[PDB]
């Protein structure tokens, strides 16, 4: 059995599927400049990739959430994140501070999920 | 087959199980203020979650260890970590610096393990 | 079924295998002092561990890439990384800034892959 890939470029594939597992690349925001908007955009991008890969939000296994400024933005992150999640079905998660590839990026989230 | 969850709140589940895999949320210390005590507390919390999820320390697959100050606390981390591990059965691991959600938190560890 | 380990010391195993999955410890450079050389060395070390564990570069599922200085070294990282990858077969990846265990280490990469 072989890995399959979704949205491949020279650096990464947006998703790699292997058996019943889905590995997503860290997703970054769209055009939003603020933390709330950026978190919404990251999570929307994750939701679409889960769909494309045969998974869904209820089948997320783990999320690592990277914040440029964890002290400043943790509460906003949690607000948007908890809304977006399916009720009673939150995944494992780890939230830490790390600078991302562009200084305007405030949040990036990496998800592993189960195929349905 | 569906993921199952242990200790779910609005943001996360302490553990998510899927087939033979166990994904733990990043664990943070208890009341300790010092690095040695905090590392002990994080590892004790991991040990209990592994038990609850049908795993054990000998079945850890990977650990990512986050230190607020890696230069300052790496040696203390390693001292406590190597004691806690089952002899000859260390997992894959990655240790990096990252600020955690509270400034008093010096160490946080995220584990993936195999069900028994 | 039990995890098996490659290159175990008191802190970590370079690789842990479990069923069809391979979990590698974060790999650090060899003797290089510059970002290009260091990235080459990290990736060479990963390639050997994949071989030892029954995998290969075409079966990488995820990579988390840690840069001491992401603003400064992202472009060099990408240059070496894209060369090293098998054409059209890039994995999922996440690239973030984090200080590593030694200040001279500029880059560290943690890989999960599929057994062949």
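Chains as they are written, first to last, in full-length UniProt numbering: chain A, 1 to 116; chain B, 1 to 116; chain C, 1 to 116.
Heads up, the beta-carbon is just placed ideally off N, CA and C, and yes, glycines get one too.
Judged by DSSP in its simplified three-state form, residue 49(C) adopts helix. The C-beta distance from residue 62(B) to residue 22(B) rounds to 11 Å, too long to meet the 8 Å contact threshold. Fully contained in the stretch 13–39 of chain C is no alpha helix (DSSP H) run of length 4 or more.
Nearest neighbour of residue 105(B) by Cα position, chosen from 53(B), 66(B) and 5(B), turns out to be 66(B). Note: residue 113(C) is bridge-paired with 22(C) and 60(C) in the DSSP secondary-structure output.
A Cβ-Cβ contact shorter than 8 Å links residue 14(B) with residue 24(B). Counting only the Cα atoms, residue 108(A) lies some 16 Å from residue 50(A).
At a cut-off of 8 Å between beta carbons, residue 26(B) makes no contact with chain C. Annotation for residue 26(B): 108 and 110 place their beta carbon closer than 6 Å to its own, counting only its chain and skipping 5 residues before and after.
A direct Cα-Cα distance of roughly 15 Å separates residue 39(C) from residue 57(C). For residue 4(B), no alpha helix (DSSP H) segment is defined; the enclosing uninterrupted segment is the beta strand (DSSP E) at 4–8.
Between residue 68(C) and residue 100(C), the gap from beta carbon to beta carbon is short of 8 Å. Taking a Cβ-Cβ cut-off of 9 Å, residue 42(B) has no neighbours in chain A, whose nearest Cβ is about 12 Å from it. Judged by DSSP secondary structure, residue 96(C) falls within the beta strand (DSSP E) whose first and last residues are 92–97. From the beta-carbon of residue 23(A), no residue of chain B is found nearer than 9 Å; the closest lies around 12 Å away. Chain order gives the chain A residues near residue 20(C) as 1, 18 and 19, where near means a beta carbon separation below 8 Å. Per DSSP, the continuous alpha helix (DSSP H) segment holding residue 83(B) begins and ends at 70–84.
For residue 95(A), the closest of 73(A), 114(A) and 113(A) by C-alpha to C-alpha distance is 73(A).
In the displayed model, residue 67(A) falls within a strand according to three-state DSSP.
Contact of residue 9(B) with chain A by beta-carbon distance below 8 Å involves 90. Taking the CA atoms as reference points, residue 3(A) sits about 21 Å from residue 45(A). Taking the CA atoms as reference points, residue 92(B) sits about 19 Å from residue 116(C).
Sequence-ordered contacts of the stretch 77–88 of chain C with chain A read 78, 81, 82, 85 and 88 [C-beta pairs closer than 8 Å]. Nearest to residue 48(C) by C-alpha distance, out of 7(C), 34(C), 102(C) and 18(C), is 7(C).
Between residue 98(A) and residue 76(C), the C-beta gap is not smaller than 8 Å, which leaves the two residues out of contact. Rounded to whole angstroms, residue 36(C) and residue 80(C) show a C-alpha spacing of 7 Å.
In the three-state scheme derived from DSSP, where H, G and I count as helix and E and B as strand, residue 105(C) is classed as coil. Scanning chain B for C-beta atoms nearer than 7 Å to the C-beta of residue 110(C) yields 94, reported in chain order. Taking 8 Å as the cut-off, the beta carbon of residue 11(C) is found closer than this to the beta carbon of residue 78(B).
The beta carbons of residue 18(B) and residue 71(A) sit no closer together than 8 Å.
A straight line joining the alpha-carbon of residue 34(B) with that of residue 41(B) spans about 11 Å. If you draw a straight line from the Cα of residue 59(A) to the Cα of residue 112(B), it comes to about 16 Å. Nearest in C-alpha terms to residue 102(C), of all of 20(C), 5(C), 1(C) and 30(C), is 30(C).
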